[PDB]
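Numbering-wise, the sequence shown is residues 3 to 125, 127 to 261 according to PDB author numbering. We put the beta carbon where it would ideally sit given N, CA and C, even for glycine. Below you'll find the structure, written out as structure tokens, and then a few comments.
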Amino acid sequence: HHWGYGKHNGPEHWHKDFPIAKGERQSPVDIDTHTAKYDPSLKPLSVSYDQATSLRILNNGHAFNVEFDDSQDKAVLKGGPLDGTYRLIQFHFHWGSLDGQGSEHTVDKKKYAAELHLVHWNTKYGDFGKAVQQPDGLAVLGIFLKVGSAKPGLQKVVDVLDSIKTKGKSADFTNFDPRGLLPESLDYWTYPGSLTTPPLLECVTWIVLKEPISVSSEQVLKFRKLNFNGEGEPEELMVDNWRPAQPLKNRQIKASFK
Ligand SMILES: COc1cccc2cc(C(=O)Nc3ccc(S(N)(=O)=O)cc3)c(=O)oc12
Ligand SMILES: [Zn+2]
């Protein structure tokens, strides 16, 4: 009886195995755009993905992860609110059963159809598993998805999903360029938070872009054909794999833009 997104094991149950679920810096949160303060001290975000080397795509039973070779300094996030260098390890999405929900962060209570998380670890801690034990261990770049025009740079991901339908399936996934998933603007909000899935560790500097990307209805429909279950188990569609907004408590959300 492990955690998930079903009626019996979903977000409202996670605290029993992971008491930090009720902690002081949990994610996601609602971004109240009128109370987020413009911080002129925030730097432009530096996203340097020219040399990113994807390796594989994995259905882990909760989402699918596009994994990167993070053994050299090759796909790094710097600047913004960050001190030092953070290396890309994987990206994944959270999405809904319907276009009206799916994102984890919300903007003035607005839910987007999906949310992309590009996960990076602070190179001062040497690798990901050590980084997650630190309050500045990770930087997650969050990007909202709305349904409209197709995102041409997403289609290579969409088309491989048939080969990883069920939990534990993986597939070679080389030469994928994550620059094709970015919006035009790098304007962002930032706040200190957590992993949004167990173990819910409070190790993330969140950087949430203001500008959503557009994906087509057909693209997101293919996400919704994935399965939470393993091969040869009762089919449970992989939908609504998002954690709702958590209490902000004693935190400030800062805006990079006026
Ligand atoms: C020993 O546990 C693991 C073994 C092998 C791989 C992993 C990967 C992990 C991981 O990246 N978790 C993760 C990453 C990102 C987020 S989120 N949704 O971006 O906040 C939430 C959870 C993780 O927490 O634990 C892992
Ligand atoms: Zn995530």
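Closer than 7 Å: residue i CB and nearest ligand 1 heavy atom
i: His119; result: yes
i: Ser73; result: no
i: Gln92; result: yes
i: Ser173; result: no
i: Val211; result: no
i: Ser29; result: yes
i: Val68; result: no
i: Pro202; result: yes
i: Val223; result: no
i: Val163; result: no
i: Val207; result: yes
i: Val218; result: no
i: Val135; result: yes
Which of helix, strand or coil DSSP assigns to residue i
i: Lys261; result: coil
i: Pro201; result: coil
i: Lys18; result: helix
i: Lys9; result: coil
i: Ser50; result: strand
i: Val223; result: helix
i: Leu44; result: coil
i: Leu251; result: coil
i: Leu184; result: helix
i: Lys24; result: helix
Identified DSSP bridge partners for residue i
i: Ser217; result: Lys149
i: residue 2; result: Within the shown structure, residues of the chain are numbered from 3 to 261, placing residue 2 beyond reach of any answer.
i: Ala116; result: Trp97, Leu148
i: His122; result: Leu90, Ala142
i: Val211; result: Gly145, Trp192
i: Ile33; result: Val109
i: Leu240; result: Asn230
i: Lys39; result: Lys257
Residue range of the unbroken alpha helix (DSSP H) whose run includes residue i
i: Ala134; result: 131-134
i: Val163; result: 158-163
Residue i, enclosing beta strand (DSSP E) - first and last residue
i: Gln92; result: 88-97
i: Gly81; result: 78-81
Proximity test, residue i beta-carbon vs ligand 2 heavy atom, cut-off 7 Å
i: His96; result: yes
i: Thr37; result: no
i: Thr108; result: no
i: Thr199; result: yes
Heavy atom of ligand 3 within 7 Å of residue i beta-carbon
i: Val143; result: Of the ligands one can find in the structure shown, namely ligand 1 and ligand 2, none is ligand 3.
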